[PDB]
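Residue numbers (the entry's author numbering), protein chains in the order written: chain BY, 1 to 52; chain BL, 2 to 195; chain BG, 101 to 219; chain BX, 2 to 60; chain BT, 59 to 135. By construction, the Cβ of each residue, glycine as well, lies at the ideal position given by its N, Cα and C atoms. Before any comments, here is the structure.
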Amino acid sequence: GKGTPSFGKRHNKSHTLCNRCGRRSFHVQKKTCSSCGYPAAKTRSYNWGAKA
Amino acid sequence: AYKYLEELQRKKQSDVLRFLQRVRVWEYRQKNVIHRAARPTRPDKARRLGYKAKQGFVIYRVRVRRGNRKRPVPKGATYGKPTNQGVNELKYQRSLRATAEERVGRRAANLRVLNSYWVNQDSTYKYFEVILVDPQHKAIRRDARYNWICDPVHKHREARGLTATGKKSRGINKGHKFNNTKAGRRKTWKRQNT
Amino acid sequence: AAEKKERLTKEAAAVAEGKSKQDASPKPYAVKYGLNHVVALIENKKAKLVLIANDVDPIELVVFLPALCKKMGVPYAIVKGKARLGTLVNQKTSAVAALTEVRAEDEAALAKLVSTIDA
Amino acid sequence: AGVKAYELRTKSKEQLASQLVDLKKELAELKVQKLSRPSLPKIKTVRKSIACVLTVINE
Amino acid sequence: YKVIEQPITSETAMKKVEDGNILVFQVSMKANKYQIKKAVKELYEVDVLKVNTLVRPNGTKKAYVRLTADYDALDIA
RNA sequence: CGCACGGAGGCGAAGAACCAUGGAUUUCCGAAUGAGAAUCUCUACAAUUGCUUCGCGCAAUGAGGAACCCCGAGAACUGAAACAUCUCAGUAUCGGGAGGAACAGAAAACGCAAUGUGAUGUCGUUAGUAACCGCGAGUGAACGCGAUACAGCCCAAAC
Numbered sequence: 001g002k003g004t005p006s007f008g009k010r011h012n013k014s015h016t017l018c019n020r021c022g023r024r025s026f027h028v029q030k031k032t033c034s035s036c037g038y039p040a041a042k043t044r045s046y047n048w049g050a051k052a
Numbered sequence: 002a003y004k005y006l007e008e009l010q011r012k013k014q015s016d017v018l019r020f021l022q023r024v025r026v027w028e029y030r031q032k033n034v035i036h037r038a039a040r041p042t043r044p045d046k047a048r049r050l051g052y053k054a055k056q057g058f059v060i061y062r063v064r065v066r067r068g069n070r071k072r073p074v075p076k077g078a079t080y081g082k083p084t085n086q087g088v089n090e091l092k093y094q095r096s097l098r099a100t101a102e103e104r105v106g107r108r109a110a111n112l113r114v115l116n117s118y119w120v121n122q123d124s125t126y127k128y129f130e131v132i133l134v135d136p137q138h139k140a141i142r143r144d145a146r147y148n149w150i151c152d153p154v155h156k157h158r159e160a161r162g163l164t165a166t167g168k169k170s171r172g173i174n175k176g177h178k179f180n181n182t183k184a185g186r187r188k189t190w191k192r193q194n195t
Numbered sequence: 101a102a103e104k105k106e107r108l109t110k111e112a113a114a115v116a117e118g119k120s121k122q123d124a125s126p127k128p129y130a131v132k133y134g135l136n137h138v139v140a141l142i143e144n145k146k147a148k149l150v151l152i153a154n155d156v157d158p159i160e161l162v163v164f165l166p167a168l169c170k171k172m173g174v175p176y177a178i179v180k181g182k183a184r185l186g187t188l189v190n191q192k193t194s195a196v197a198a199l200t201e202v203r204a205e206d207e208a209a210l211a212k213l214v215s216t217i218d219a
Numbered sequence: 002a003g004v005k006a007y008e009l010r011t012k013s014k015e016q017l018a019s020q021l022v023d024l025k026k027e028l029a030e031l032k033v034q035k036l037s038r039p040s041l042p043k044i045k046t047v048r049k050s051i052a053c054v055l056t057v058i059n060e
Numbered sequence: 059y060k061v062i063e064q065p066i067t068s069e070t071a072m073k074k075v076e077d078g079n080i081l082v083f084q085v086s087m088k089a090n091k092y093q094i095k096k097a098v099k100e101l102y103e104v105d106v107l108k109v110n111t112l113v114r115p116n117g118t119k120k121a122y123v124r125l126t127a128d129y130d131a132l133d134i135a
């Protein structure tokens, strides 16, 4: 929940750098992402934000 | 010349056509989406819409589903008219025709389609043929007719994607002067969707 | 329809029989090609016999050959193998279709054979 | 200048795998003793020189 | 393409090329340890008795081959 | 001797730097394509498809792009001083896809009804007109006209 620690203690690797997207972004429990691309073979965006 | 294969394909319950229909789709059924075919099922209609034996031509069947519905339900905020809401009642505007034409084309990425139309199907799926062309081929890019469906793909590209075809360019448009209001000035885009 | 016996199918493809004399009549005079031209001959009764392949595709091009043969009164036969009657007419490719307008030379075996069918 | 890609590309592959070690040694060797005394255009000359040779055969 | 890469020079390396006949650098993760052996010997005249392997971390490969009781640490072609 | 003004050293008149054009080299994954992988590793057009000498032999597709364009899916806040149709709006957002522009396009048209016009876009106007609507709030064309630019043709079948 709230940092106590109760969180932060979690010492698990996740969200490392993706092969093709410089940002770490890719989780390891996920498949690929949280920044552009993978799984989609394109670029990642999403309009959750920018108006189009 | 090919009259009665037009005539014949009218009733579809007349006599010979029906029997072929008994043994036809038996095989087609138990054959999944994407097939291919040496000849069209109706020779008049292919070689009507545009099909000739020539290299670079390919005609495929397609199956679809049966009835039209299959839709997701809206989230909350359903309360209302409801407007866009509903469930199994709505029918989708695209035909199980237009759907046959793509869902072909996205099989063969390379080629485009002048589109034929179905043969009938029962208890479920309808079928459809669908001729496609092939743009970078020879003999295709020869005959004046059956040219320009490949220039090479400068404007026409994924025809039937855009829509430009037979069933499409129908469906969302028919007629000309009169009743072409809130229809094709060019189309739905522009003159906001009806 | 009626069933041909692989014995009749010899002799004249154009006739009820299978192709043989059918090669005659091309060397002699008269024949047709495919379904299209053959159909015309029945329409304007010119062909003595015309043949039809059994195989056929779902072509159903040859669907109205019978009834539209039996009005005109043109006898027509069934052959097995589109290729077989394809080959007798000088055609590299096979044809479901038919023939012999004039039936030259074999105005003999032809017409004798027709009698066999519809005996 | 120096080698200049003329001589290269004219030369055979075997020749290329020669004159590619010729610079290599006087190169790495400059790198050692480079610490001793630094080099001016030589290393840097040799590199580039060597570099070009590789992207010749591997063009 | 080349199996070789350039010598790996480090404190660990110089010790090996000291006690222990030798060692080196390497490259080609996609190199076996036979390949680095042959293309070791191909380079200089020495027989390399045994070459080990070593992933890294560096994202490269390391393989320290040691000579055969007849050749010293070259440290000079 | 990049940004990048250092220390060392070096290159250049054997005409370097730098620019143009052309060539060489061009690891691994791949849209990523032999297979796997957080940019490494292990021993081949992956996948779909056309032609086919039926062999990946010859080819196609995939992804990107500021917005624009085309085809589909499609809200709610809001307005009606509440609110259900209506409205916001076919908007936002989503899915698929083309081009340098797209899309339309040579009448089973128009309908100033005519002895009249003559493919299609677009701009101005027609006009907040006709039409819609708790006939509430709101919504809302077209023919024609003046312009811009103009360009008409190919199949199926008969034989």
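Pop quiz: BG:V156 and BG:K121 are said to be a contact at Cβ under 8 Å. What is the actual Cβ separation, rounded to whole angstroms? Against the third sequence, residue 156 of chain BG aligns to sequence position 56. Against the third sequence, residue 121 of chain BG aligns to sequence position 21. At roughly 23 Å, the Cβ-Cβ gap does not stay under 8 Å, so BG:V156 and BG:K121 are not in contact.
With C-beta atoms as the reference, is BG:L168 less than 9 Å away from BG:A197? The sequence position of residue 168 of chain BG within the third sequence is 68, counting from 1. The sequence position of residue 197 of chain BG within the third sequence is 97, counting from 1. In this structure, BG:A197 does not lie closer than 9 Å to BG:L168 by Cβ.
Go through its chain and collect everything with a Cβ distance to residue 248 of chain BL's Cβ below 6 Å, but skip five positions before and after it. In this structure chain BL extends from 2 to 195, so residue 248 of chain BL is not present and cannot be described.
Check whether the Cβ atoms of BT:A131 and BT:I80 lie closer than 9 Å to each other. For the purposes of this step, residue 131 of chain BT is taken as residue 73 along the fifth sequence, with counting starting at 1. For the purposes of this step, residue 80 of chain BT is taken as residue 22 along the fifth sequence, with counting starting at 1. Result yes, Cβ atoms of BT:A131 and BT:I80 sit closer than 9 Å.
Same chain, Cβ closer than 7 Å to BX:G3, neighbours up to 5 away in sequence not counted: Here residue 3 of chain BX refers to the residue found at position 2 when the fourth sequence is read from its first residue. Contacts found: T46 and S50.
Using CA coordinates, which residue listed in BL:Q122, BL:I173 and BL:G51 is at the minimum distance from BL:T189? Against the second sequence, residue 189 of chain BL aligns to sequence position 188. Measuring from the Cα of BL:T189, the nearest candidate turns out to be BL:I173.
Which residues in chain BL sit within 8 Å of BG:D157, going by Cβ to Cβ distance? Taking the first residue of the third sequence as position 1, residue 157 of chain BG is located at position 57. Chain BL residues near BG:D157: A39 and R40.
Taking 8 Å as the cut-off, does the segment 68-82 of chain BT touch the segment 108-122 of chain BT (at least 3 CB pairs, one atom from each stretch)? yes
Spatial neighbours of BX:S40 within its chain, please: C-beta separation below 6 Å, excluding the five flanking residues on both sides. In the fourth sequence, residue 40 of chain BX corresponds to position 39, counting from 1. Within the same chain, BX:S40 has close Cβ partners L31.
Counting only beta-carbon atoms, is residue 223 of chain BG nearer than 9 Å to chain BL? Coverage of chain BG is limited to positions 101 through 219, which leaves residue 223 of chain BG absent and any answer about it impossible.
Expressed to the nearest angstrom, what Euclidean distance is found between the alpha-carbon atoms of BL:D45 and BL:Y118? For the purposes of this step, residue 45 of chain BL is taken as the residue at position 44 of the second sequence. For the purposes of this step, residue 118 of chain BL is taken as the residue at position 117 of the second sequence. Rounded to the nearest angstrom, the two C-alpha atoms are 12 Å apart.
Does the separation of the CB atoms of BG:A195 and BG:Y133 fall below 9 Å? For the purposes of this step, residue 195 of chain BG is taken as the residue at position 95 of the third sequence. For the purposes of this step, residue 133 of chain BG is taken as the residue at position 33 of the third sequence. Closer than 9 Å, so yes.
Which chain BG residues sit within Cβ distance under 8 Å of BL:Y5? Here residue 5 of chain BL refers to the residue found at position 4 of the second sequence. For a Cβ distance threshold of 8 Å, residue set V163 and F164 of chain BG lies close to BL:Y5, ordered along the chain.
Just reading off the beta strand (DSSP E) that BG:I152 is part of, what are its end residues? On the third sequence, position 52 is the one that residue 152 of chain BG refers to. Its beta strand (DSSP E) spans residues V150 to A153.
Reference BG:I142; option with closest CA among BG:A116, BG:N190, BG:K105 and BG:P166: Against the third sequence, residue 142 of chain BG aligns to sequence position 42. It is BG:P166 whose Cα lies nearest to the Cα of BG:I142.
Measuring alpha carbon to alpha carbon, tell me which residue in BL:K127, BL:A78, BL:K76 and BL:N85 is nearest BL:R98. As a first step, residue 98 of chain BL must be located in the second sequence, where it is residue number 97. Checked all of BL:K127, BL:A78, BL:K76 and BL:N85; the closest Cα to BL:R98 is BL:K127.
With DSSP as the reference, identify every bridge partner of BT:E76, one or two as the case may be. Here residue 76 of chain BT is taken as the residue at index 18 of the fifth sequence, counted from 1. Looking at the DSSP assignment, BT:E76 forms no beta bridge with any residue, so it has no partner.
In the DSSP assignment, what are the bridge partners of BG:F164? Locating residue 164 of chain BG in the third sequence gives position 64, where the first residue counts as 1. According to DSSP, BG:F164 bridges with nothing at all.
Inside the segment 115-155 of chain BG only - alpha helix (DSSP H) runs reaching at least 4 residues: 135-143
Could you tell me whether the Cβ of BT:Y59 comes closer than 9 Å to any Cβ of chain BX? Looking up residue 59 of chain BT in the fifth sequence gives position 1. Yes, BT:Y59 lies at the interface with chain BX (some Cβ there is under 9 Å from its Cβ).
With 8 Å as the limit, tell me which residues of the segment 62-87 of chain BL have their beta carbon closer than that to any beta carbon of chain BG; keep them in chain order. none
Could you work out which residues of chain BL lie near BG:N136, taking near to mean beta carbons separated by less than 7 Å? Locating residue 136 of chain BG in the third sequence gives position 36, where the first residue counts as 1. What BG:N136 touches in chain BL: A2.
Let me know the secondary structure DSSP gives BL:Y61 once reduced to three states. Taking the second sequence and counting its residues from 1, the one referred to as residue 61 of chain BL is at position 60. Coil at BL:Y61, not helix or strand.
Please list, in chain order, the residues of the segment 28-52 of chain BX that have any C-beta partner in chain BT closer than 8 Å. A29, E30 and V33
Which class does BT:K108 belong to by DSSP, given the choice of helix, strand or coil? Locating residue 108 of chain BT in the fifth sequence gives position 50, counting from the first residue. In the structure shown, BT:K108 sits in a strand (DSSP, three-state: E or B).
Taking DSSP as the reference, what is the three-state secondary structure of BX:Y7? Here the question's residue 7 of chain BX lines up with position 6 in the fourth sequence. If DSSP states are grouped into helix, strand and coil, BX:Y7 belongs with the helices.
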